[PDB]
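Just one chain follows, in the form whose entry title says "closed conformation", and it is written as structure tokens.
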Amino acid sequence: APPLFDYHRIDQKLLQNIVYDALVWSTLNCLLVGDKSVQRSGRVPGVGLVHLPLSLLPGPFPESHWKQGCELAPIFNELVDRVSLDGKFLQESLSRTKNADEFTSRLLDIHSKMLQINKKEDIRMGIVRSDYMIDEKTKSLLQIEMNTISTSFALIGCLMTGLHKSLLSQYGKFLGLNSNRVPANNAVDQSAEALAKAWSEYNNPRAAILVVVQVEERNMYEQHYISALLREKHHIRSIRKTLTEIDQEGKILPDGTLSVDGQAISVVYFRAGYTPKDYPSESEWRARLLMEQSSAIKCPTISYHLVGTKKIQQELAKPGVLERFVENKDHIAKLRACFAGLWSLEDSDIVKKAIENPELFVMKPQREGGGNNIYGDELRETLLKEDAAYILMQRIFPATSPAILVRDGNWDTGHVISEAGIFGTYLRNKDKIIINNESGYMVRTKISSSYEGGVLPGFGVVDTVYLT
């Protein structure tokens, strides 16, 4: 239980060596993104590159809680898939959301359409991430959110694991630390392997994988690495297109097959379409609908996408609704165990409790990708003064840890909290479940008191964990 070496007390010249070695590792192993300060770095590969904002050395996370997260991965895969099949559940839970939130209404309209066409679909898959904080008071592993769409950092997470293991190999003796207590990580390989197996189930060897990307994508290297895996290891072609280009170059062939710029597609992997910002026009919504109407295997489908909304995570947490969707009683227990307080803005008991104690609460709109949440002051002010746009959640307060934060080649000391993202990969075919796996991790670390922790936004860093 003796805590870990305090990372603010390392000799300055020892520390300068660790930092330099991290920067070098990062560069050799493409722990890199486009730098936000170099105008074309989110368009033109090869230019204006910078290492990922990172945490030099892992913070502690207990092995018991790591095991709880691991175990929950195939459980949440299953849950997501079971809730996605209840189209009525989704449409009803989101019924008032629909009127407060025009983005969610748009998502809903594509889903209603799919409902009203009722195709026999039986292959259909997930690449998801369940993200957790350990609340200090309670000492419990709690889910922050479920990410069912364009989950990031499978390669970043696995390259962080490489980095921490290489720094601990070299420097571990001086610190009380062993590389083998940073969990093994296969996330990027697992991600490509799910895409390959899905492509294999559709079973047309001349089809390709369509990757749907954003117009600016500083984190493009991670998507290029997955396509390089598909190509080199799995021998499967990828093509990358924005939703605009899919509207422009896309059609459904008479046999129901998606073709884009003349290339048949059997799998559509989304690295985009999770924000209203990806839908400047009707052009992008048409592309989205066009692909949903295809026999291409979507990752994810519109129903999966809806499952990942914060409004559904809230509904699921209501008394006996988990039990509509799971019958394994040991799983309901495990699930129930990682749920934090979650409430609709119609539970006005808890709205009172929140206006009164805004530091104790998070307020989340139906969005993905950070920015968006509301805390403390701005939360009371918003709550006083469209309620179906929000949920309310119990504020979680992990135990802080000393960190060295490396950001643009410079390091500082801070006191942080981390958030462990446990990837799940899932594939089935009929009744036949082909992949239902915990598939590695990522962890996001931020200054303990910062509201936002988005890495690419400048608020957070990537990390690993050191098992305790």
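Rigid core (definition): largest C-alpha set, two forms, superposition within 1.5 Å. Counting begins at 1, following the sequence as shown.
Separately, the form whose entry title says "open conformation" exists; it is not shown, and the next lines address it.
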Comparing between the shown form and the other one on the core: of 197, 353, 234, 271, the CA moving 2 angstroms or more sits at 353
- Message: Quick check: residue 216 between the shown form and the other one - does its CA shift reach 2 Å or more after fitting the rigid core?
- Response: no
Residue shift check between the shown form and the other one, rigid core fit, residue 377 Cα at least 2 Å
yes
Indicate whether residue 394 shows a C-alpha shift of 2 Å or more between the shown form and the other one, with the rigid core used for the fit. yes
One pair moves by 3 angstroms or more in that other deposited form: the C-alpha atoms of residue 344 and residue 276, which are farther
One pair moves by 3 angstroms or more in that other deposited form: the C-alpha atoms of residue 335 and residue 349, which are closer
